[PDB]
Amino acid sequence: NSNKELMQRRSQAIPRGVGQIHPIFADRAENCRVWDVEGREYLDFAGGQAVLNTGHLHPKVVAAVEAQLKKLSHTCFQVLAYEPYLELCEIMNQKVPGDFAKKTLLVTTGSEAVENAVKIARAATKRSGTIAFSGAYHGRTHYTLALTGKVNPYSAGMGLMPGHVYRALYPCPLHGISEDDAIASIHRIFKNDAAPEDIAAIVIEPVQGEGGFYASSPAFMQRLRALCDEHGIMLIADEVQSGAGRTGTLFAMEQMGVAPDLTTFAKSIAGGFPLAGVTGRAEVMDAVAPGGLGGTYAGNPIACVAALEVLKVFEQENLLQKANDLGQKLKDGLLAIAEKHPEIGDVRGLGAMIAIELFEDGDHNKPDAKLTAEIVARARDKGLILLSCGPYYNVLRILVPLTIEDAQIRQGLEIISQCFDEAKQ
């Protein structure tokens, strides 16, 4: 029952392919606190990878889950239905941006959600190709690995992933890719490899997660929407990570000024329970013939009641406003730290989807991956759990539960401050 001991057993029974960011075995948790098997307490700034916007075991969520456990945990919706699945669908049809009739499909994981959105876009348009962006992340199934703009390590050593997935450039001025370059990269696909008539959908993260927490501007998103409309291409917004309130609105697309045809959600939607889904223009969703959509565990009963509670908690605890306030506080603190450390070349984020990006001597073409990894390690040593990301591994992101305590905001920022001070020594 020591972390080391458990890691030894892990090497024996579990594949090295399953990475381990922190060699620690968590035992119990509560809101933003996690205790490992040795009793040490940590402040969780990773949030189970953006899955815990309402924190570990939110009391209301757990209470709803415990009540559902008295009724049933599974029937397989496609065989025998149940109300929690229906209710969530009804609520998502209203909450997802788009001033038009929508329908919702529930599945189990974010990769399944993206898979289903594409199968739906293909059926609706009678086309087979898709376009995804550089640095994108959409899942670990063969097809979402192809959609994912990163081979190593997600699909490394496995041979080539499915074809007919084309690569566009994600707008990112910080790294010299203008919105014009991004829109131009799409037309390039049209002229060089796949005409519009063969593209069923363009998949994009309103705010890239693993890609580096880079956000699309409303203007860029508006150009994209116009491009899709012109060519009858479905716009799929993958909000698995940006969704469930992380950016200050339930869905980031609300802040773009345009609505997508399809939206994928997961992670924080059920606050720590396995659930995912796709909500979209009704006519598009209905394109698949009966029997064409499913999944054994899809819209698991317990996960659904959990999601329903999460939605009510956002409303009751005013978490969207808190997300925004937390974001301002984190960025202000991060900018203060930045004044003493030029390596921090950018502080950014919508709502609580905050990140800082490190550069050697603030040199924007020199991603500082060693410092980023060093800060993560030093933070773990000070009891703070962090995650990094970015195609060059030089981005630190903050995904702490929105339910965080005032004291914990100070605590996390203080610990980060120390890490940069002690790394520079």
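So that there is no doubt, residue numbering starts at 1 and follows the sequence shown.
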Which is higher on average in the deposited entry, the C-alpha temperature factors of 333-341 or of 153-161? 333-341
Which has higher Cα B-factors on average according to the PDB entry: 115-123 or 247-255? 247-255
Choose from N394, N53, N31, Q68 the residue with the greatest Cα B-factor as stated in the PDB record. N394
Options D286, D193, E315, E309 - largest CA temperature factor per the record: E315
Of the three thirds of Cα B-factor ranks in this chain, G412 occupies the middle
So where's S134 on the chain's Cα temperature factor ranking, which third? middle
Of the three thirds of the chain ranked by Cα temperature factor, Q321 occupies the highest
Check where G47 lands among this chain's C-alpha B-factors and tell me if it's the lowest, middle or highest third. lowest
Comparing against every modelled residue in the chain, figure out the third that the C-alpha B-factor of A226 lands in (lowest, middle or highest). middle
